[PDB]
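Q: Once you've seen the sequence and the experimental structure below, I've got questions.
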Amino acid sequence: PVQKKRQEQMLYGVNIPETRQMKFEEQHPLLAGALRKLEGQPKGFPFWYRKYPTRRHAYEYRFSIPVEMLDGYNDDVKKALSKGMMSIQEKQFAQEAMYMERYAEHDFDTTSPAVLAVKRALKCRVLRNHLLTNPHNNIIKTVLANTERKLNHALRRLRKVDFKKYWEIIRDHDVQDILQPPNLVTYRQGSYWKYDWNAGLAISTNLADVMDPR
Amino acid sequence: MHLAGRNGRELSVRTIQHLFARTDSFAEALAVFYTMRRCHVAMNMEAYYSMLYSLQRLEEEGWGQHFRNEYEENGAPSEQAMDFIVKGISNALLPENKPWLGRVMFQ
Amino acid sequence: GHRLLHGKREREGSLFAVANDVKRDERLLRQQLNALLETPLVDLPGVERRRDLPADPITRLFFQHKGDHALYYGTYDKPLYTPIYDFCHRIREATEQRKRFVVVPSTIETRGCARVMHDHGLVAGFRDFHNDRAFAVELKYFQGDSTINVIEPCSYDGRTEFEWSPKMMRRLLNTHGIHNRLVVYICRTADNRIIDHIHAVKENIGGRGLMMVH
Amino acid sequence: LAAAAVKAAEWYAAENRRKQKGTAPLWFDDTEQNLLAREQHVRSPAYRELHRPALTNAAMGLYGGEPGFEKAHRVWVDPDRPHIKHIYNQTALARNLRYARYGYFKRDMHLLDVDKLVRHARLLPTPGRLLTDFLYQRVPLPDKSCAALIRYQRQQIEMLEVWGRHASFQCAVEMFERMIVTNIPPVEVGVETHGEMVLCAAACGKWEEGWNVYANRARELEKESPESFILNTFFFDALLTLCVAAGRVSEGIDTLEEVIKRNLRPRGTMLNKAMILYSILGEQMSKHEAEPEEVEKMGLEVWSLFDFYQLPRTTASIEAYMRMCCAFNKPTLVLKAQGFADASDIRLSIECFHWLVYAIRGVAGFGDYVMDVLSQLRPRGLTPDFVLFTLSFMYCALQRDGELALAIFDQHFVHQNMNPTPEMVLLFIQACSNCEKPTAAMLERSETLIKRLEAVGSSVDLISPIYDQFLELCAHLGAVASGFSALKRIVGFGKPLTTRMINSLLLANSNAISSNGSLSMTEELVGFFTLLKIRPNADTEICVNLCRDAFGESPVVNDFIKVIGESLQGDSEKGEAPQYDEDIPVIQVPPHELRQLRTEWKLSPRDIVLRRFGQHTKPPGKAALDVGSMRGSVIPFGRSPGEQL
Amino acid sequence: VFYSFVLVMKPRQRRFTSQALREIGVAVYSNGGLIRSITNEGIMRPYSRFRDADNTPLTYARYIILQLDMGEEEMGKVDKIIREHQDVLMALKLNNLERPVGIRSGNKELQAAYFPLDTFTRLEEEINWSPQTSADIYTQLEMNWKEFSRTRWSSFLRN
Amino acid sequence: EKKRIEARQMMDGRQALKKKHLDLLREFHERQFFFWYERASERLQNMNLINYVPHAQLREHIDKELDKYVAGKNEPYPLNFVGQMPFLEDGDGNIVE
Amino acid sequence: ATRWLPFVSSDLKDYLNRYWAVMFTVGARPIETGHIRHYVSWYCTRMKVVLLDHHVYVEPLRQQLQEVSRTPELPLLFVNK
Amino acid sequence: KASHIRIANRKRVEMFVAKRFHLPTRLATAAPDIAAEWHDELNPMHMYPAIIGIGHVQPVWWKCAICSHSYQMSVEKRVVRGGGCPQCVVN
Amino acid sequence: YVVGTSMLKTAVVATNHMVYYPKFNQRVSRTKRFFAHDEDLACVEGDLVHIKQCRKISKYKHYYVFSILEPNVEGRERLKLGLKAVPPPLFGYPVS
Amino acid sequence: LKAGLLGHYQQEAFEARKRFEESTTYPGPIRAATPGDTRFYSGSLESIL
RNA sequence: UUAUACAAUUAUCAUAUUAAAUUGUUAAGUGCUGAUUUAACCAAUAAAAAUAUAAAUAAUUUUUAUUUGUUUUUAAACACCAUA
Ligand SMILES: [Zn+2]
């Protein structure tokens, strides 16, 4: 279910099967199917579809609706579909989409390490913000701890796989000591750097590009 | 085309292929495409891909005609003539050096 | 610029079609995409390049050469507790339940050890043996009783591993003061080829212990 | 403002001379008494005795057989200036992170320092609930403690999202109500509490709720009891921060005027904020025109005020000065600012470099200066951003040099291997098009950038302008086949063709006499005009004439040109005769306004490490097999392999 | 976000009721939102008598149904306005409009198998059906029905 | 050396196969997007019927809607959302009948 | 492995295929249901009683019962379909 | 699990903080004399002396009992600081 | 791995070795800390260094940095920024 | 350090060295410098003489 | 020679049993949802580094349960006493 939810967020028609009725229609036709069969202005083929391969290429409107789809409707409908009416979940997805646009190397790319670190940290901020208002949420405390650890792992891999992106992400957002040894008692023993060796990241900087290794 | 757009009649891939077959020139096919875009006519992604392939072939034939025209004056093909023979038309939405793409659409 | 691939998934090449899950299977999706990517190919096992073909003519007869359709072959999936431990446990449980086929993971060691069991005559056969995720073992019975009496890993716990020496292999061959071809001990040599103690002692070598069976 | 500073300084000196009659600093420093009080508290005997180091074993006793003296006595540390290396630890028996919880400091609340509590307590309840606890146990809450509570609520407000901040601000308002109306424990709401409330208002916006309500209340209460309610410099700092956040310029300038007129010393933060207000006013004027000269003087005046009041200036001040200078169009002055920052010891910022490059966008030359800035980013610890590349390409486009843009690309951007923005691609191709001597390498770079941008997607949709400039470059280079190639890309994106675009294609044909020149292709381009339903142009007439000259005569071309002339003559007779192909403008936007792909994304590594929010990681459930714990011989297959039941 | 409200208001004078609803609508509009529709629902007698702010039980109450589009923050602002209003004895807020009830809790497979736009686009009367509304009315609307209903009152008409 | 070279070449071939399969998936997502366009486009058509109440028309609509069940009327009164005819009020919200 | 859900079906055949011994009754015939329950419980056989008064699909199930038993008699017992 | 009480049957608040702060500090409760002047004509309907309570910094309309003048002032200024009618203090 | 550089011309390198327990057939990895010598101050915390023993340079310094196998790029950039090579930890040893 | 990763790191180093030998392609004839001397002889200390 | 801990009546202690769950003040719902009823609106929360051989690849925090404090014109009550 998690993967189904996020796949639906990413892709447009991933729900709709070839039979043109997703699962909810089969059991509740009276809700999903359009009640009124209207003969108005049945629109033609979208010749602009090349612009939006995924939902994160159009996040300035509700339900990831491209502006070319809103050409003929009324200003009230456009305002209802504007950002201001956007829900909190879709606002968070738009925040994710900004960074996907910034750091994705190809369309349909949603797992590259630079993107993953940013998404884990966005989730961490979301959970921490929730805890600010509602500190008595133990499940959210546990999820926040797990998300922080995974964010640390993602940033540590990013640092040695693509350093420039890591440096840029750290600088842009005024969080410099995010990669930080917890305990001196164990940092004294190289246990903070042995992480790179155990993770396979110890030989991954291409010295000639940062300094002449002679 | 406006009649079709208002009636919401969806053009079949076969109809679009036959329509663009009857064209002779790249500009004529382009004008037909832009008429279809100006009117709000419906079709399938399959028909769209066939239309773009038709435009692609029209451009290739036009450039081939130009290079043939030049060939008689020059007595021998040019380096651009042979390089066009090998490369083909430049970037297109359905290249032939990538024959794997188009199978999901075409049936 | 040049970005390096870190994990086995990136190195082997992976679409990561699903939204964020990096560890999603992908084997099926890649298999059907490759299948529709084509019919000069038969359903016999494929090999990616010619020189990989078997040496035995009869096995070459069953094997076919396919460029990139030799990958993602297989029907079954993979069903702590290292693969040899889990292989022994599943085979023991199925034998005690008097079943016919046991779907068991296919790793280098597990697959070689199953082949050695076949050679010594403890398994009637296999199904989907060329799968690189899991293969089925066709167990053999004789007069209501199962051929395999006991099968257990060298690492009785799931943790501790061992290294058998040639003296250990001779020890096993002459275990308990007998000449011991009855119970078969399997060892993976330094050449990553799995042999039984008879051949190990004949060749004056040892290896990492896998299991014992009889 | 410097005039007001001089008047206030001389008046303060005169007052000091009158007092001496009844080094004579020229101003008053509101921070000095608090700093001195802190230092005296640190030096107090009680503080030293309480924070005395831990007792040595030789000071406790011998060999630790005595129940009372076997180990040292509990040592109390001060989180602000700890007398020990690390305040916390996670050894098995001396864990102390759990004892930073608020519940343990609840035992001692009549003595408590609420700001230090808010800063260094871990499982701290919601600020409203904390205030309820304080009032419930009835501690004589003073103004500093009320300000600490409002500061806690303000921190929560800042951490919140922009679109979820009203409710937290309303909680702050309710707490202020409670403090003002409660008396059963003495609760004092003072100038710093009003400042914190104004600062919450500024953080959430709400100019009307901050200025009109709480600043007015502070002024009224000061006028009621001036001796018991003094508007200090922090209050004006918060007020002027509210002004900056709301965009109000006159109010912030008048607030700094009040601070100067009062004989108290302003602080570098509000000085930078006033500089930012002047920069905003200068940009507003430049927009209006597109008396500023006295605004420029009054703006540089606070920069001189930095030296007047002996305030050290920081990176924020440098950035504000550069922004103001660039708003007033003084590239030499911003360069002076960079040199000053380097001579002094203060780090530059990527934003400082943004302003440094954006200031020279207009002045000619400086081509190698941009290259030097890009090259010297690396030794200074910084790395270029897409915004910085956009500004450099903006300079390249405005100065219409293609070689500099090509060098920038080749020598820095390919190595950066960051995604190109549509603005970046537009500016690059636009510079390469307006360049006087475009070269074929620019075709490769532009088409590669376009393909890379298409490979990653975007949400700004400058497809038609980027392809327009690409066709213009193909025109200036004679690449008609490349123009036809890009024609299919425009078709595939489904955007209308343009008269300018076909004019550029026709000019490409004219300049391509050697590189695939074809009169039949001229006829094709004429058919584009005839069939696509687009008005021809006077530049279309120019280009058809040049193509006619380049290749020869043709009946279709002659008919086309005659109809073009007839149509434009008829349209001139009707009216509105002159119509040429308008240029695509060079987007010239400040670095703080051009779209930036980043949000607040605010987190605190200290809170992550110290688990301020009670973050809990479930243990791995007996997953620590250690050799000192194992008891039993281990052999292959186990002690008794294969046992039957 | 598509929000819907059901207001139970004490039946005061028409001018007072109009003033209350005008203030509510002005809050909606000054908070950057749109009202999809407003419907006076008549004066009815609820089964349980709500006490006025004067702690007097009111036997009768007028019902008003509002449908509007607002962001979450300003929706909360106007929601508190409505709740703390003088006249509003109760205000029932529909959160179930974009997503039909039961799928968040019902079945995991089906949680991501619905189209939010389907319910977002249609009005509340088309998501929650009254006793009188039934698909026959929608079929009648889809039919022209002008030349079909013309013969309805003949058999009874002549007798 | 030979073994390591083969490993590197295999990795590169895997990258190329990933390229081809990504290009293949792009088509599937393009077709799936098409289904969304049809379904999404139709759902928006029906949204045109939503008759919002402009702020200018707000007071007029409020009064005309409050005048719905008053009294002394020719056309039949409508049933409320619960399908129960409510009481009538002469005017100014006073119940009479 | 899955949440508990009471079984309902509009088809008498689903009940027959699912439950070994199934009795359909009503609340207006308590004594007959008590007697059949007494017998079945005495012989210690799992039995499912279904009240048709509030059961949805009441009319379908009732007509199906009437046509299979050739009589309107709500208290009815079924074993092995 | 926190228990709430609705003040004047409209505003739901936590019972603890309500009994401690909200209930005793409501305008119609603490200062009924000041509540009398509450301008019920020019002052929004969702605000009335039974809810707003003392300490309200936002200005509200007040109808004077002496000169019948309508003036705008904050509730905290009116009740705590001792605000008054400008026309009356002029007279 | 270079672990500390608070001393001038000296790098503290954390090195590991293996102890063998026959009874449990275990191979447990221990750790040892060495004062290395880098005369030109070229080692930053987080560098994977190759260290070689030699004559004695100081009371506890009989090793030297033969080569830096993998420098700390992030540490060098932070030092360029003027920060600490690695942010200091917040936990440590108890005082009692 | 875990020795099991030595093979993977060997493969990565081989590939990195090949990429280096293939991409930059900027060797050349460079004058060699005299190797100077080293202070880190092994064994115990030596005297001044 | 146990290289083994059957077994329970000093045990020798001690990862919180999770989408069927927990939390909601600024967010939902309710008189404390569990009297009825195996089913409970909305918001948050289900996956997402390398590596299975790799011999530390984990964290050092949390509390939904019960008592007790906090105080407590201060619960109205009800029940216990006669506070809670
Ligand atoms: Zn008065």
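A: Now that the structure is in, tell me what you want to look at. Numbers count the residues shown, from 1 in each chain, chains lettered A, B, ... in the order given.
Q: Apart from its chain neighbours, what residue comes closest to residue H:3?
A: Leaving aside its chain neighbours, residue H:3 sits nearest to residue H:15 (4.6 Å; criterion: C-beta to C-beta, 6 or more residues apart in numbering or on different chains). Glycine gets a C-beta too; all of them are placed from N, C-alpha and C.
Q: May I see the buried residues of whichever strand or helix holds residue D:337?
A: Assigned by DSSP states H and E, residue D:337 belongs to helix D:331-343. For helix D:331-343, the neighbour count (16 or more other C-beta atoms under 10 Å in any protein chain shown) marks D:331, D:333, D:334, D:335, D:337, D:338, D:341 as buried.
Q: Is it positioned near chain I?
A: No - using C-beta under 8 Å from any C-beta of the partner chain, helix D:331-343 stays clear of chain I, with a minimum separation of 13.4 Å.
Q: helix or strand right after that helix?
A: Immediately after helix D:331-343, counting by DSSP H and E, sits helix D:350-359.
Q: Relative to the whole chain's centre, how far out is that following helix?
A: 12 Å (C-alpha atoms, centre = their mean, to the nearest Å).
Q: Please enumerate residues in contact with that helix?
A: Contact partners of helix D:350-359, identified using C-beta atoms under 8 Å, 6 or more residues apart in numbering or on different chains, comprise A:171, D:315, D:318-319, D:322-323, D:325-326, D:330-331, D:334-335, D:338, D:341, D:370, D:373, D:377, D:382-385, D:387-388, D:391-392, D:394-395, D:590-591.
Q: and the residue of chain F found nearest chain B, what element?
A: Residue nearest to chain B within chain F (C-beta to the nearest C-beta): residue F:27, separated by 3.6 Å. Using DSSP H and E, residue F:27 maps to helix F:2-45.
Q: I would like the residues contacting the helix or strand following that helix, please.
A: Next helix or strand after helix F:2-45 toward the C-terminus (DSSP H and E): helix F:55-66. Helix F:55-66 has contacts (C-beta under 8 Å, 6+ apart) with E:14, E:17-18, E:21-22, E:25-26, E:29, E:35, E:38-40, F:53.
Q: before we move on, back to that, which of the contacts of helix D:350-359 count as buried?
A: Using 16+ other C-beta under 10 Å as the threshold, A:171, D:318-319, D:322-323, D:325-326, D:330-331, D:334-335, D:338, D:341, D:370, D:373, D:377, D:382-385, D:387-388, D:391-392, D:394-395, D:591 are the buried ones among the contacts of helix D:350-359.
Q: before we move on, the earlier item: need the contacts of helix F:55-66 in JSON lines (columns: secondary structure and distance to residue F:85).
A: Below are the contacts of helix F:55-66 laid out as JSON lines (DSSP: H, G, I helix; E, B strand; the rest coil; distance: C-beta to C-beta, whole Å):
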{"residue": "E:14", "secondary structure": "helix", "distance to residue F:85": "20"}
{"residue": "E:17", "secondary structure": "helix", "distance to residue F:85": "20"}
{"residue": "E:18", "secondary structure": "helix", "distance to residue F:85": "23"}
{"residue": "E:21", "secondary structure": "helix", "distance to residue F:85": "22"}
{"residue": "E:22", "secondary structure": "helix", "distance to residue F:85": "27"}
{"residue": "E:25", "secondary structure": "helix", "distance to residue F:85": "27"}
{"residue": "E:26", "secondary structure": "helix", "distance to residue F:85": "31"}
{"residue": "E:29", "secondary structure": "helix", "distance to residue F:85": "32"}
{"residue": "E:35", "secondary structure": "strand", "distance to residue F:85": "26"}
{"residue": "E:38", "secondary structure": "strand", "distance to residue F:85": "20"}
{"residue": "E:39", "secondary structure": "strand", "distance to residue F:85": "15"}
{"residue": "E:40", "secondary structure": "strand", "distance to residue F:85": "14"}
{"residue": "F:53", "secondary structure": "coil", "distance to residue F:85": "25"}
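Q: Looking at the residues you listed, which is nearest residue C:8?
A: Nearest to residue C:8 among these, counting by C-beta to C-beta, is residue E:35 at 57.0 Å.
Q: What residue in chain H comes nearest to chain C?
A: For chain H, C-beta to the nearest C-beta, closest residue to chain C: residue H:1, 35.4 Å.
Q: how near is that residue to residue D:204?
A: Residue H:1 sits 31 Å away from residue D:204, going by C-beta to C-beta, to the nearest Å.
Q: can you map out the helices along chain C?
A: Here chain C has its helices, by DSSP state H, at C:8-12, C:27-36, C:57-62, C:83-96, C:108-120, C:166-173, C:197-203.
Q: ok, residue D:184 - how many residues close by?
A: Neighbours of residue D:184 under the rule other C-beta atoms under 10 Å in any protein chain shown: 8.
Q: since we're on the residue nearest to it when sequence neighbours are not counted, how many residues are nearby?
A: Nearest non-adjacent residue to residue D:184, counting by C-beta to C-beta, 6+ apart: residue D:138, 6.6 Å away. Residue D:138 has 14 neighbouring residues, counting by other C-beta under 10 Å.
Q: Likewise for residue A:58?
A: When neighbours are defined as other C-beta under 10 Å, residue A:58 has 22 of them.
Q: Over to the one 3 residues further on?
A: Per other C-beta under 10 Å, the neighbour tally for residue A:61 reads 19.
Q: More neighbours: which of residue H:1 and residue D:204?
A: residue D:204 (22 against 2).
Q: I figured the more buried one hits residue D:164, correct?
A: No - Residue D:204 is beyond contact range of residue D:164, at 10.1 Å (criterion: C-beta atoms under 8 Å).
Q: Is chain I within reach of stretch D:45-55?
A: Yes - for stretch D:45-55 and chain I, the contact criterion (C-beta under 8 Å from any C-beta) is met by D:53, D:54.
Q: what's next to that stretch, contact-wise?
A: If you take C-beta under 8 Å, 6+ apart as the criterion, stretch D:45-55 is touched by D:41, D:72, D:73, D:75, D:76, D:77, D:78, D:83, D:84, I:95, I:96.
Q: Please give the element, helix or strand, for the residue in chain D that chain F sits nearest to.
A: Closest to chain F within chain D is residue D:455: 10.7 Å, counting by C-beta to the nearest C-beta. Using DSSP H and E, residue D:455 maps to helix D:440-456.
Q: buried ones in that helix?
A: D:442, D:443, D:445, D:446, D:447, D:449, D:450, D:453, D:454, D:456.
Q: Roughly how far does whichever residue of chain E sits closest to chain C sit from residue A:4?
A: Closest residue of chain E to chain C, C-beta to the nearest C-beta: residue E:112 (11.2 Å). Distance of residue E:112 to residue A:4, computed by C-beta to C-beta: 4 Å.
Q: shouldn't residue I:10 be in contact with residue I:38?
A: Yes - at 7.2 Å, residue I:10 counts as touching residue I:38 under the criterion of C-beta under 8 Å.
Q: Can you show me the helices along chain I?
A: Taking DSSP H as the criterion, chain I carries its helices at I:73-81.
Q: do stretch E:74-94 and chain F meet?
A: No - taking C-beta under 8 Å from any C-beta as the criterion, stretch E:74-94 and chain F are apart, separated by no less than 11.0 Å.
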